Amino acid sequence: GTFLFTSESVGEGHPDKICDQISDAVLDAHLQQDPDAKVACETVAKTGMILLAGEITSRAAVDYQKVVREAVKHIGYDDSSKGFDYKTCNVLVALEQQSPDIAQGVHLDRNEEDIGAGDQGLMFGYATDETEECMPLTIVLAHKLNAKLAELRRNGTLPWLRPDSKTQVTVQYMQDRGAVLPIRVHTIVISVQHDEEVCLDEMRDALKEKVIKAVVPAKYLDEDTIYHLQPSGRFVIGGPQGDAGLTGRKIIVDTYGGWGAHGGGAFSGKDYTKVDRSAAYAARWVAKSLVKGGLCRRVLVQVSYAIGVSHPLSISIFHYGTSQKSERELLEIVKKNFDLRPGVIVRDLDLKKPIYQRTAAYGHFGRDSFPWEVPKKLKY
């Protein structure tokens, strides 16, 4: 009845995550002036470079140099000794207007509620009762380990820490009538960029005592738990210098850590008309509503769209054997309670609000009571 499952997370200074945060800082900057901005901003990061590439049609006047550098400053890359500096890096911009062919097929001369999906695609929502926030324990722990590293870096407890980090948590679970019950942490990995002065043993001791023990409850750790702390042995070169980053390269870290399912679409740098983000947020909202409403213990929701068409093409619900209701019954409850057209999701989830940079590290789900995390009271 037991099995292992592993999920990973990355820190704010992981190069892919830098890109997601910059893409969302650009989106937020546009939404602060023009709530109806059409934004599709990709970011690429490599040694000394932030490149913005994509399409934006907006009435906002945005200073890309300032927005980008302020996001990098927040992350903590502020000196050439760290491998990257917001003050002196290159910021290159290759942004054009949104394609008029896309604009005419999606939103031009359309009533807001009846705007078409900004692209075709499939999206999933997932929820599990194994935690109060309805998220898998593996991914919650992996995110919290990265957040702890950033906290200790920012408060000066471990001044040798740099912003680039990755974590990985393997949990041993028990199966329970379709639901899953965490038993213990089997393995933890932590890799984090560091300065030239700190030694390996000092880092491994700090990662176990000040990071793992400050995050993971002792009841999950035992004599058999395996620790891989700084397993490469040296991580002085990091951030974009160590590895090129791109927007939308951490989509499993952004969602459920491998649990549930994923349709492939990235979230960051996109306004609400891009259903890769809005419909995944709405699907999470449906999934969490079905679990918090007591209809299932674990649930997966798939939706799909065609570019230019408002209603989803398909809707599917899998309850893993944790509901007394059939999929047909759950679909009827979802039809009575939710409208998954993008032009209605924007109203229900307040998706013109500039809160997107806040979503771009530590996962988009299970945190901070964003609108998609507040369950809808179901009527049936």
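So that the term is clear: the rigid core is the largest set of C-alpha atoms that superpose within 1.5 Å between two forms. One-based numbering along the sequence shown.
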{"property": "Higher-deviation stretch (C-alpha RMS, rigid core fit) in 7 other deposited structures of this protein, choosing from 37 to 45 and 326 to 334", "result": "326 to 334"}
{"property": "Of 252 to 260 and 109 to 117, the stretch whose C-alpha atoms average the higher B-factor in the entry", "result": "109 to 117"}
{"property": "Greater mean Cα temperature factor according to the PDB record, 268 to 276 or 289 to 297", "result": "289 to 297"}
{"property": "Residue with highest C-alpha B-factor in the PDB entry, from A283, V189, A214, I307", "result": "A214"}
{"property": "Options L200, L137, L149, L122 - largest CA temperature factor per the record", "result": "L200"}
{"property": "Third assignment of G363 from its chain's C-alpha B-factors", "result": "middle"}
{"property": "B-factor third for the C-alpha atom of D164 within its chain", "result": "lowest"}
{"property": "Where the record places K144 (Cα B-factor, split into thirds across the chain)", "result": "lowest"}
{"property": "Chain-relative CA temperature factor third for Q193", "result": "lowest"}
{"property": "Relative C-alpha B-factor of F84, binned into the chain's lowest, middle or highest third", "result": "lowest"}
